Every structure is written in structure tokens, then in C-alpha cells.
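Data block below; observations after.
Every read-out reported here was derived from the displayed coordinates using simple, explicitly stated rules and does not represent laboratory data. Cβ sites come from the backbone with ideal geometry, for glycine too, and all protein chains shown count toward neighbours.
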Amino acid sequence: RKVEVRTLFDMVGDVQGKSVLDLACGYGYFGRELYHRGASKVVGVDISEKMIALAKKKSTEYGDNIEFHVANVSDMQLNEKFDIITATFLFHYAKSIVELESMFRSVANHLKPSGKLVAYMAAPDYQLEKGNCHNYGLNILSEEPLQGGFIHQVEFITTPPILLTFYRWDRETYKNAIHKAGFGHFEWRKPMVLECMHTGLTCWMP
Ligand SMILES: Nc1ncnc2c1ncn2[C@@H]1O[C@H](CSCC[C@H](N)C(=O)O)[C@@H](O)[C@H]1O
């Protein structure tokens with residue numbers, strides 16, 4: 001998925017001298033890559049004690065300067081604003097519209113004026129009835145309808161196979177969440193390769 005990574009790095013653009021906050025950072029893969037492209041500062045946040053422990057361990061192996069915090073994005077307080085916030089596969093862990101809105105509000109509160117959010121999530125549009133994504137390597141096992149989205153149980157065709165639950169919020173739910181948070185504008189980023197897929201989201205503060 002080169003164009004996914006390309007779009008992701010295109011969505012972020014130039015990071016030279018930019019402060020980056022990596023939300024749902026895991027062991028800090030993405031923030032670390034932006035550290036090597038000349039980010040002035042990188043901070044990582046994840047809700048998992050396990051992931052942040054492994055992140056700090058990896059930073060030791062790399063001898064990098066990256067700061068890691070255990071926090072829920074919905075109520076995190078770093079007492080600092082950043083040029084760029086990355087939130088790849090964070091928002092489909094939001095179990096409610098209120099939680100989704102909490103997360104966007106928290107992102108906005110940590111953005112410098114004219115700062116941008118770069119996100120990637122399960123396509124808001126996707127409905128099971130349209131067709132399953134076996135070809136893409138993602139098996140949709142169950143669909144539970146929510147007010148303004150769906151709960152999807154997804155099996156990734158791996159060995160062993162693993163089952164993930166996505167809260168797939170529709171475009172309108174996202175638009176309202178982005179609006180309430182006080183973003184100036186945003187757009188959906190959906191690349192098309194020549195010779196089911198996840199969607200990018202870029203949001204700019206005034
Ligand atoms: N409310 C929340 N706040 C912060 N991190 C969260 C969260 N809910 C889930 N996460 C974290 O989100 C991560 C998703 S997997 C890692 C995603 C990573 N940004 C990437 O693109 O590769 C998990 O590590 C999980 O612990």
C-alpha cells in the first residue's frame with residue numbers, strides 16, 4: 001500500500017522544523033519516521049501501557065529524542081500546541097458520537113493556529129450490502145447499525161487470523177465533530193492508483 005504511505009506523508013507534507021504529536025502512536029513507528037525527516041520535536045501518545053513501554057524501549061534502541069505519554073486522547077493534557085497532529089486509525093476506537101467529538105476537541109486544543117490534523121480511518125461510506133472486501137484482505141464478519149454509523153467486526157486474512165472491531169462513523173458525524181472542535185476547513189483524501197480502501201482526513205485550524 002505504497003500510495004497509502006505516500007498520501008499519508010503527502011497529507012503531512014514537509015515536517016522540517018515542525019513539532020509533531022503522534023496520537024495512537026503504538027511503539028511510535030510513524031512519529032519516529034517524521035523525526036528522521038527533520039521534525040523540530042515529536043511527542044507520542046497511546047492509551048496502552050504496553051505500547052508506550054515498547055515505544056520507550058524502541059527509542060532507546062534508536063537513541064532518538066521522542067517523548068512518550070500514556071493517555072486517552074479524549075481527556076489528554078500535554079500543556080503544549082503542535083504544528084501537525086497525526087491520528088492514524090484512532091477515530092474508529094471512538095465508541096460514541098460524544099467520544100468522537102471529545103477526541104476532535106482534544107486535537108483542536110493541542111493545535112497551533114493554522115496547524116493541521118492528518119488522520120486515516122475505515123471509509124465512512126462503506127456499507128456491507130455494497131460488497132465484502134475479501135480481495136482487499138479484510139473480511140467483514142458482522143454489521144451492527146448505529147445512529148450515524150456502523151459497528152463492524154473485521155477479520156484480517158492473516159496467519160493466525162485476527163478480529164478487530166471498527167466504529168465506522170459516516171461523513172456527516174465526522175463533519176459535525178470537526179465543526180464543533182472549531183476547525184476552519186477539512187477534506188477527505190482518497191487516492192486512485194492506475195494499473196474497501198481506508199480514507200485520509202486533513203483538518204486545518206483557523
Ligand atoms: N482513546 C485512545 N487514545 C489513545 N490511543 C488509543 C485510544 N484508543 C486506542 N488507542 C491506540 O490506538 C492504536 C491503534 S494501532 C496503531 C496505529 C498507528 N497510529 C499506526 O498508524 O500504525 C493502539 O495502539 C491503541 O492502543
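Quick check: from the Cα gyration tensor, does the range 9-109 come out rounded (a/c under 1.5), prolate or oblate? Don't skip to the end; give the middle numbers.
Numbers: a/c = 1.90, a/b = 1.32, b/c = 1.44.
Note, shape of the range 9-109 comes out oblate.
Given the options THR165, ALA87, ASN109, identify the residue whose Cα lies farthest towards the positive end of the charge dipole of the chain (+1 on Cβ of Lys, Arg; -1 on Cβ of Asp, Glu).
Positive-end residue among those listed: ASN109.
Using a 10 Å cut-off on Cβ atoms, rank the peptides 9-20, 132-143, 84-95 from the highest mean neighbour count down. Mind dumping the intermediate values first?
Working: 9-20: 16.3, 132-143: 14.0, 84-95: 21.9.
Order by mean packing, descending: 84-95, 9-20, 132-143.
Per residue of the range 39-49, in order, report the coupling 6.51 cos²θ - 1.76 cosθ + 1.60 (Karplus, θ = phi - 60°) as ³J(HN,Hα) in whole Hz, putting x for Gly and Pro.
Each residue of the range 39-49 in turn: 3, 4, 8, 10, 10, x, 10, 8, 6, 8, 4 Hz.
Grab the Cα-Cα distance for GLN77 and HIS185, subtract it from 0.36 nm times how many residues apart they are, and report the gain in nm with one decimal.
Working: separation 108, 0.36 × 108 = 38.88 nm, distance 2.41 nm.
The span from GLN77 to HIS185 would gain 36.5 nm if fully extended.
Please list the non-local residues whose amide H lies under 5 Å from the amide H of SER19, H modeled 1.01 Å from N, same-chain partners needing a gap of 5 or more.
Distant-sequence amide H within range of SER19: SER40, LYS41, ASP83, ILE84.
List the equivalent ellipsoid semi-axes of the range 104-206 in whole Å, largest first, each obtained as the square root of 5λ for an eigenvalue λ of the Cα gyration tensor.
Details: eigenvalues 162, 49, 33 Å².
In descending order the semi-axes read 28, 16, 13 Å.
Which of the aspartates and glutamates could a cross-linker bridge to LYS190, judged by Cα under 14 Å and excluding same-chain residues fewer than eight apart?
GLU4, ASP10, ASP125
Please list the non-local residues whose amide H lies under 5 Å from the amide H of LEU111, H modeled 1.01 Å from N, same-chain partners needing a gap of 5 or more.
Residues meeting the amide H criterion: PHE82.
Could you estimate the translational diffusion coefficient of the chain from the Stokes-Einstein equation, with Rh from the Kirkwood formula over C-alpha pairs, at 20 °C and 1.002 mPa s, in whole µm²/s? Don't jump to the answer; show the numbers that get you there.
Values: Rh = 17.7 Å.
In µm²/s, the coefficient rounds to 121.
Report, in deg cm²/dmol and to the nearest 500, the calculated mean residue ellipticity at 222 nm for the chain, where each DSSP H run with n ≥ 4 adds -39500 (n - 2.57) and the sum is divided by the residue count. Please report the intermediate quantities before stating the final value.
Working: 5 runs with 57 residues, N = 206.
One gets -8500 deg cm²/dmol as the mean residue ellipticity at 222 nm.
When only alpha-carbon atoms count, how far does the range 157-206 stretch along each of its three principal axes, as whole angstroms with the largest first?
46, 31, 16
Counting pairs of Cα atoms in the range 73-154, how many percent are more than 14 Å apart? Kindly include the intermediate steps, with their values, before the conclusion.
Details: 2281 of 3321 pairs.
Result: 69 percent of Cα pairs exceed 14 Å.
In percent, how large is the relative contact order of the range 100-160, given Cα pairs closer than 8 Å and 6 or more residues apart?
Working: 38 pairs, mean separation 12.4, N = 61.
Reported as a whole number, the value is 20 percent.
What FRET efficiency, computed as 1/(1 + (r/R0)^6) with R0 = 30 Å and r the Cβ-Cβ distance, is obtained for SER40 and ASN109, rounded to the nearest 0.05? Working shown, then result.
Working: r = 20 Å, r/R0 = 0.67.
Efficiency at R0 = 30 Å is approximately 0.90.
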